[PDB]
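Undergrad: start_0.tsv (TSV, N, CA and C atoms) pasted underneath:
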```tsv
chain	number	residue	atom	x	y	z
T	2	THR	N	8.77	-16.69	2.54
T	2	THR	CA	7.69	-16.07	1.72
T	2	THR	C	6.43	-15.87	2.56
T	3	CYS	N	5.66	-14.86	2.26
T	3	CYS	CA	4.41	-14.61	3.03
T	3	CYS	C	3.25	-14.32	2.08
T	4	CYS	N	2.18	-15.06	2.18
T	4	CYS	CA	1.02	-14.82	1.27
T	4	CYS	C	-0.25	-14.54	2.07
T	5	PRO	N	-1.08	-13.70	1.51
T	5	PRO	CA	-2.35	-13.33	2.17
T	5	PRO	C	-3.38	-14.46	2.05
T	6	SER	N	-4.21	-14.40	1.06
T	6	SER	CA	-5.24	-15.46	0.88
T	6	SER	C	-4.60	-16.85	0.98
T	7	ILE	N	-5.07	-17.67	1.88
T	7	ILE	CA	-4.49	-19.03	2.02
T	7	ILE	C	-4.36	-19.70	0.65
T	8	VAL	N	-5.43	-19.78	-0.09
T	8	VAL	CA	-5.35	-20.41	-1.44
T	8	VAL	C	-4.11	-19.91	-2.18
T	9	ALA	N	-3.86	-18.63	-2.16
T	9	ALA	CA	-2.66	-18.09	-2.85
T	9	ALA	C	-1.42	-18.87	-2.42
T	10	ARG	N	-1.30	-19.16	-1.15
T	10	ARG	CA	-0.12	-19.93	-0.68
T	10	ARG	C	-0.19	-21.37	-1.19
T	11	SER	N	-1.32	-22.01	-1.04
T	11	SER	CA	-1.45	-23.41	-1.52
T	11	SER	C	-0.81	-23.55	-2.91
T	12	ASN	N	-1.04	-22.59	-3.77
T	12	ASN	CA	-0.44	-22.65	-5.13
T	12	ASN	C	1.05	-22.32	-5.06
T	13	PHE	N	1.43	-21.41	-4.20
T	13	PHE	CA	2.87	-21.05	-4.08
T	13	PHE	C	3.68	-22.27	-3.63
T	14	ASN	N	3.09	-23.11	-2.82
T	14	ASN	CA	3.82	-24.32	-2.35
T	14	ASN	C	3.76	-25.39	-3.44
T	15	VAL	N	2.74	-25.35	-4.25
T	15	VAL	CA	2.60	-26.34	-5.35
T	15	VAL	C	3.45	-25.89	-6.55
T	16	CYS	N	3.42	-24.62	-6.86
T	16	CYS	CA	4.23	-24.12	-8.01
T	16	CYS	C	5.72	-24.24	-7.68
T	17	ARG	N	6.06	-24.26	-6.42
T	17	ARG	CA	7.49	-24.38	-6.03
T	17	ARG	C	7.88	-25.85	-5.92
T	18	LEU	N	6.91	-26.73	-5.93
T	18	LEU	CA	7.21	-28.18	-5.83
T	18	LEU	C	8.18	-28.60	-6.94
T	19	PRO	N	7.89	-28.16	-8.14
T	19	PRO	CA	8.75	-28.48	-9.29
T	19	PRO	C	9.98	-27.56	-9.32
T	20	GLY	N	10.58	-27.39	-10.46
T	20	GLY	CA	11.78	-26.51	-10.54
T	20	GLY	C	11.34	-25.09	-10.88
T	21	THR	N	10.75	-24.40	-9.94
T	21	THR	CA	10.30	-23.00	-10.21
T	21	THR	C	10.77	-22.07	-9.09
T	22	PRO	N	11.30	-20.95	-9.48
T	22	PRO	CA	11.81	-19.96	-8.50
T	22	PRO	C	10.64	-19.26	-7.79
T	23	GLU	N	10.75	-19.04	-6.51
T	23	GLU	CA	9.65	-18.37	-5.76
T	23	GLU	C	9.14	-17.16	-6.55
T	24	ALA	N	9.99	-16.51	-7.30
T	24	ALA	CA	9.55	-15.33	-8.08
T	24	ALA	C	8.49	-15.74	-9.11
T	25	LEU	N	8.69	-16.85	-9.77
T	25	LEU	CA	7.70	-17.30	-10.79
T	25	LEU	C	6.37	-17.66	-10.11
T	26	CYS	N	6.43	-18.25	-8.95
T	26	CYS	CA	5.17	-18.63	-8.25
T	26	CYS	C	4.64	-17.45	-7.43
T	27	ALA	N	5.50	-16.79	-6.70
T	27	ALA	CA	5.04	-15.63	-5.89
T	27	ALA	C	4.13	-14.73	-6.73
T	28	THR	N	4.42	-14.61	-8.00
T	28	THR	CA	3.56	-13.76	-8.88
T	28	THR	C	2.30	-14.52	-9.27
T	29	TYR	N	2.44	-15.73	-9.73
T	29	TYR	CA	1.25	-16.53	-10.13
T	29	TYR	C	0.38	-16.80	-8.90
T	30	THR	N	0.97	-16.83	-7.74
T	30	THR	CA	0.18	-17.09	-6.50
T	30	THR	C	-0.20	-15.77	-5.82
T	31	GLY	N	0.76	-14.91	-5.60
T	31	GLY	CA	0.47	-13.61	-4.94
T	31	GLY	C	1.27	-13.50	-3.64
T	32	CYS	N	2.33	-14.23	-3.52
T	32	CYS	CA	3.16	-14.17	-2.28
T	32	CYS	C	4.35	-13.23	-2.48
T	33	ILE	N	5.03	-12.88	-1.42
T	33	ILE	CA	6.20	-11.97	-1.56
T	33	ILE	C	7.46	-12.65	-1.02
T	34	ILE	N	8.61	-12.23	-1.48
T	34	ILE	CA	9.88	-12.86	-0.99
T	34	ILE	C	10.59	-11.92	-0.01
T	35	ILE	N	10.89	-12.40	1.16
T	35	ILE	CA	11.58	-11.55	2.17
T	35	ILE	C	12.83	-12.26	2.70
T	36	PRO	N	13.89	-11.52	2.82
T	36	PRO	CA	15.17	-12.08	3.31
T	36	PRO	C	15.10	-12.33	4.82
T	37	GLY	N	14.11	-11.80	5.48
T	37	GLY	CA	13.99	-12.01	6.95
T	37	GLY	C	12.85	-11.16	7.50
T	38	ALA	N	12.91	-10.81	8.76
T	38	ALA	CA	11.83	-9.98	9.36
T	38	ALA	C	10.50	-10.74	9.33
T	39	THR	N	10.56	-12.05	9.36
T	39	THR	CA	9.30	-12.86	9.33
T	39	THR	C	8.28	-12.24	8.38
T	40	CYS	N	7.03	-12.58	8.54
T	40	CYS	CA	5.98	-12.01	7.65
T	40	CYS	C	5.32	-10.80	8.31
T	41	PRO	N	4.61	-10.04	7.53
T	41	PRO	CA	3.92	-8.83	8.05
T	41	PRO	C	2.77	-9.24	8.98
T	42	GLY	N	1.85	-8.35	9.23
T	42	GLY	CA	0.71	-8.69	10.13
T	42	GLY	C	-0.57	-8.86	9.31
T	43	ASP	N	-0.51	-8.61	8.03
T	43	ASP	CA	-1.73	-8.76	7.19
T	43	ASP	C	-1.45	-9.68	6.00
T	44	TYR	N	-0.22	-10.10	5.84
T	44	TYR	CA	0.12	-11.00	4.70
T	44	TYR	C	0.70	-12.31	5.23
T	45	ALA	N	0.48	-12.61	6.48
T	45	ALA	CA	1.02	-13.88	7.06
T	45	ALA	C	0.05	-15.04	6.78
T	46	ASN	N	0.26	-15.76	5.72
T	46	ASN	CA	-0.64	-16.90	5.40
T	46	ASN	C	-0.20	-17.58	4.10
```
Please go through the file and, once you have read it, give me the structure as structure tokens.

TA:
Amino acid sequence: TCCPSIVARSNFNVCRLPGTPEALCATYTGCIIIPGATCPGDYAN
């Protein structure tokens, strides 16, 4: 997963702590799900 604003990630790692799919947090946090290709150059955080 790759998130822009650091804070957005902090929540993505916290929302995923429990039983939540990256999709449920990626939206509440603002991160994206990628099967590979590492992260972009403006959303790496």

Undergrad: What is the atom CA of residue 17 of chain T-atom CA of residue 32 of chain T distance in Å, reported with one decimal?

TA: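 These atoms are spaced 11.7 Å apart.
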
Undergrad: Please report the interatomic distance between atom CA of residue 10 of chain T and atom CA of residue 36 of chain T in Å with one decimal.

TA: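 Between these atoms lies a distance of 17.6 Å.
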
Undergrad: So for segment 11-16 of chain T, what box centre and size do we get, axis-aligned, 8 Å extra on each of the six sides, every listed atom, Å to one decimal, as lines of an AutoDock Vina configuration file?

TA:
```
center_x = 2.1
center_y = -23.7
center_z = -4.5
size_x = 23.2
size_y = 21.3
size_z = 23.0
```

Undergrad: Would you please extract all alpha helix (DSSP H) residues from chain T, as assigned by DSSP on the backbone, and give them as an MDAnalysis selection string?

TA: chainID T and resid 7:16 23:26

Undergrad: Just the selected residues (N, CA and C atoms), exported as an mmCIF file, in the coordinates of the input, please.

TA:
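Writing done, so here's result-v7.cif:
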```cif
data_model
loop_
_atom_site.group_PDB
_atom_site.id
_atom_site.type_symbol
_atom_site.label_atom_id
_atom_site.label_comp_id
_atom_site.auth_asym_id
_atom_site.auth_seq_id
_atom_site.Cartn_x
_atom_site.Cartn_y
_atom_site.Cartn_z
ATOM 1 N N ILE T 7 -5.070 -17.670 1.880
ATOM 2 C CA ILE T 7 -4.490 -19.030 2.020
ATOM 3 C C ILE T 7 -4.360 -19.700 0.650
ATOM 4 N N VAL T 8 -5.430 -19.780 -0.090
ATOM 5 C CA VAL T 8 -5.350 -20.410 -1.440
ATOM 6 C C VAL T 8 -4.110 -19.910 -2.180
ATOM 7 N N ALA T 9 -3.860 -18.630 -2.160
ATOM 8 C CA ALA T 9 -2.660 -18.090 -2.850
ATOM 9 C C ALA T 9 -1.420 -18.870 -2.420
ATOM 10 N N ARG T 10 -1.300 -19.160 -1.150
ATOM 11 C CA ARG T 10 -0.120 -19.930 -0.680
ATOM 12 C C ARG T 10 -0.190 -21.370 -1.190
ATOM 13 N N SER T 11 -1.320 -22.010 -1.040
ATOM 14 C CA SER T 11 -1.450 -23.410 -1.520
ATOM 15 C C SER T 11 -0.810 -23.550 -2.910
ATOM 16 N N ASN T 12 -1.040 -22.590 -3.770
ATOM 17 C CA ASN T 12 -0.440 -22.650 -5.130
ATOM 18 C C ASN T 12 1.050 -22.320 -5.060
ATOM 19 N N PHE T 13 1.430 -21.410 -4.200
ATOM 20 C CA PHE T 13 2.870 -21.050 -4.080
ATOM 21 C C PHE T 13 3.680 -22.270 -3.630
ATOM 22 N N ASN T 14 3.090 -23.110 -2.820
ATOM 23 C CA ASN T 14 3.820 -24.320 -2.350
ATOM 24 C C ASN T 14 3.760 -25.390 -3.440
ATOM 25 N N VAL T 15 2.740 -25.350 -4.250
ATOM 26 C CA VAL T 15 2.600 -26.340 -5.350
ATOM 27 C C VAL T 15 3.450 -25.890 -6.550
ATOM 28 N N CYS T 16 3.420 -24.620 -6.860
ATOM 29 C CA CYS T 16 4.230 -24.120 -8.010
ATOM 30 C C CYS T 16 5.720 -24.240 -7.680
ATOM 31 N N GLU T 23 10.750 -19.040 -6.510
ATOM 32 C CA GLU T 23 9.650 -18.370 -5.760
ATOM 33 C C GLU T 23 9.140 -17.160 -6.550
ATOM 34 N N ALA T 24 9.990 -16.510 -7.300
ATOM 35 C CA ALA T 24 9.550 -15.330 -8.080
ATOM 36 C C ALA T 24 8.490 -15.740 -9.110
ATOM 37 N N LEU T 25 8.690 -16.850 -9.770
ATOM 38 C CA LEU T 25 7.700 -17.300 -10.790
ATOM 39 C C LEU T 25 6.370 -17.660 -10.110
ATOM 40 N N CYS T 26 6.430 -18.250 -8.950
ATOM 41 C CA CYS T 26 5.170 -18.630 -8.250
ATOM 42 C C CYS T 26 4.640 -17.450 -7.430
#
```

Undergrad: Please provide as a PyMOL selection string all residues within 8 Å of residue 34 of chain T, with the sequence filter that same-chain residues fewer than 4 positions apart are discarded (counting only C-alpha atoms).

TA: chain T and resi 2-3+23-24+27

Undergrad: When you count all atoms listed in the file, which of these residues is closest to residue 25 of chain T: T:7, T:13, T:37, T:43?

TA: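 Ranked by minimum distance to residue 25 of chain T, first place goes to T:13.
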
Undergrad: Please provide as JSON, numbers by chain all residues within 7 Å of residue 11 of chain T, with the sequence filter that same-chain residues fewer than 5 positions apart are discarded (counting all atoms listed in the file).

TA: {"T": [6, 16, 46]}

Undergrad: What separation in Å, quoted to one decimal, exists between atom N of residue 41 of chain T and atom N of residue 20 of chain T?

TA: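 Here the two named atoms are 25.7 Å from each other.
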
Undergrad: Measuring atom to atom with only N, CA and C atoms, identify which of T:45, T:38, T:26, T:33 is nearest to residue 14 of chain T.

TA: T:26
